[PDB]
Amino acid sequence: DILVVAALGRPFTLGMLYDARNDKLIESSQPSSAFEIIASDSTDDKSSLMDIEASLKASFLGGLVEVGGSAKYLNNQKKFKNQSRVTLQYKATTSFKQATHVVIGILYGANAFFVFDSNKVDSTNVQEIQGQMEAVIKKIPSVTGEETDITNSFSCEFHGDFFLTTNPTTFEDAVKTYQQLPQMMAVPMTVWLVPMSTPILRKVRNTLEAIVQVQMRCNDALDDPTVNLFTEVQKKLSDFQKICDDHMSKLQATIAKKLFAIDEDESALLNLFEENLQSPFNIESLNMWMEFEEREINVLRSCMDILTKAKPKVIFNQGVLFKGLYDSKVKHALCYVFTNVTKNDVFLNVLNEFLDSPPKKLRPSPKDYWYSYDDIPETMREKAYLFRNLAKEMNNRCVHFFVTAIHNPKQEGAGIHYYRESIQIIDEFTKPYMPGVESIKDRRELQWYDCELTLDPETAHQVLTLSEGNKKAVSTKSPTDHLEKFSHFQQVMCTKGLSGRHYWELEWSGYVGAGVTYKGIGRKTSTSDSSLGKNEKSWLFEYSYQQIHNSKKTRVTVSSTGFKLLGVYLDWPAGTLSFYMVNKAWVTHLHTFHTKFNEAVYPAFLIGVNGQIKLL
């Protein structure tokens, strides 16, 4: 009995051998033109366009059938699940000419596939963009505005029976190529040849299609930004795609071998499928694992999203991290460490164990993964918010914030690590636990709250000369004046108004008076209302060493009478303003003010019998 088989780009000549187990052993005029657009890519859909018979399709799925140009479209798989794919097919037939079978007659033609793929999108917007694509692709067989935007949203991938110098990758390129196609008109398309089961077909397609579908799901995950940060996550997904590739290749080998048999009762092949449903390689289980890994991605992502807002240095490479941590400029280092992310997975091992030795489970268990429930991720999210808070109150030159992953079974979920210089001080930081201000000897302690200050030129007296970006100010008037200018007293304020824990240190030389004030201080008086310390709004510490507040001066004992570097530490909510002598790594306490700050205080100075201050 005579049969008709689709050439599928396979080189066919007028008299040739063909085995009906679809291996191929190596002039009438029939003009026809047509085109078809499909918004699908299942094997059933690709088969429907290429008019592939159930038998040939099954042998193609089994991998027995190789393909030629244009038919290479069959081997063009959609990368992502959540991606719009609209294929345009131009199909033309030109002429007709005239193992188990011999070729008697063959129909000649040549077709082309314009495979248009959108970028990975959300699940909800795939239908909208698919319709949009169909619409503008429907316009292509014509020999735009917002529509133009869409044409630049998707790429093109061509599979043709025509020899092309340059292949289209653009919508513009596709129309340019499409316009040229009718002139380029030839390879055998349909083959006549003479001799010399519906449950298996469904089971072959359904089994293999299912795996393909899971591997697109895996790909969506791999394209995730959070996956690219967490290498152990990246590893597991790569391992799962390999497991599936190896599983599908195994099935295909048996299918191709047992398909040929059609001498053997098909019962054996049926059993492989029956066995597959009984195995942990059931699609419910493979998808269930995907779902678990998807959950891990969301808990790590939600954590990262919290942290990122603190603008930390996210170093996942231990080499770069510890060289970054142990830098000269890093006085205090605070790391948010992920302590549970692991490359090892119980179910992935079960799957590899079934591939090599055809187990512990047939389903992945929520009991094998930390990220399954809510308590561990919830406390991970808590430490994240705390980390961000510390980051907000410690946004300075001394304290540095990092994010990394260091697996440790003794710590759960994550932890806030505190490194100072070369060592790890604590693996679960919460507070610096600052000592009593009159008791501070270690400079680092105060540097937890490093405070950069620049002088406000509008407040500075005309006598004062400000330079080096308003960090240095020397005590010869200036013509310029302001409504916020200190007209009588030689005083200057900073731009920042402080309400917490701030530590600034300066270089001073002569008669300088350092302190804080409310902006309520008068600018234009030769009265108590405008001099620092003579107010109930101002605190001062000047050298001739006195402490002024509420027009009350008291002496302060200083062993090193003339010192260059001065340190000032404000603890606004506690109500203390401390003065220190700074020398190298150590700090000498000089005087502390125990009061109540009724407003945000502005660091201010009194200079001039001439002085200079260089803010650091």
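Residue numbers here begin at 1 and follow the sequence given.
In the deposited sequence, the stretch from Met196 to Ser197 hides 10 or more residues that have no coordinates. Deposited sequence between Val143 and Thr144: 10 or more residues lack coordinates. A summary of the deposited B-factors shows that, of 67 to 75 and 388 to 396, the stretch with the larger mean C-alpha value is 67 to 75. Stretches compared: 174 to 182, 338 to 346. Higher mean C-alpha B-factor in the entry: 174 to 182.
Between the residues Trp370, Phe114, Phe163, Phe80, it is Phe163 that shows the highest Cα B-factor in the PDB record.
In the PDB entry, the Cα temperature factor peaks, among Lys553, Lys57, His589, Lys46, at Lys553. For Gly562, the recorded CA temperature factor ranks within the highest third of the chain's modelled residues. In the deposited entry, the Cα temperature factor of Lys471 places it in the highest third of its chain's modelled residues.
Per the deposited record, the Cα B-factor of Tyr511 falls in the highest third when ranked against the other modelled residues of its chain. Placement of the Cα temperature factor of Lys485 within the chain: highest third of the modelled residues, per the deposited record.
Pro359 sits in the middle third of its chain by CA B factor, as recorded in the PDB entry.
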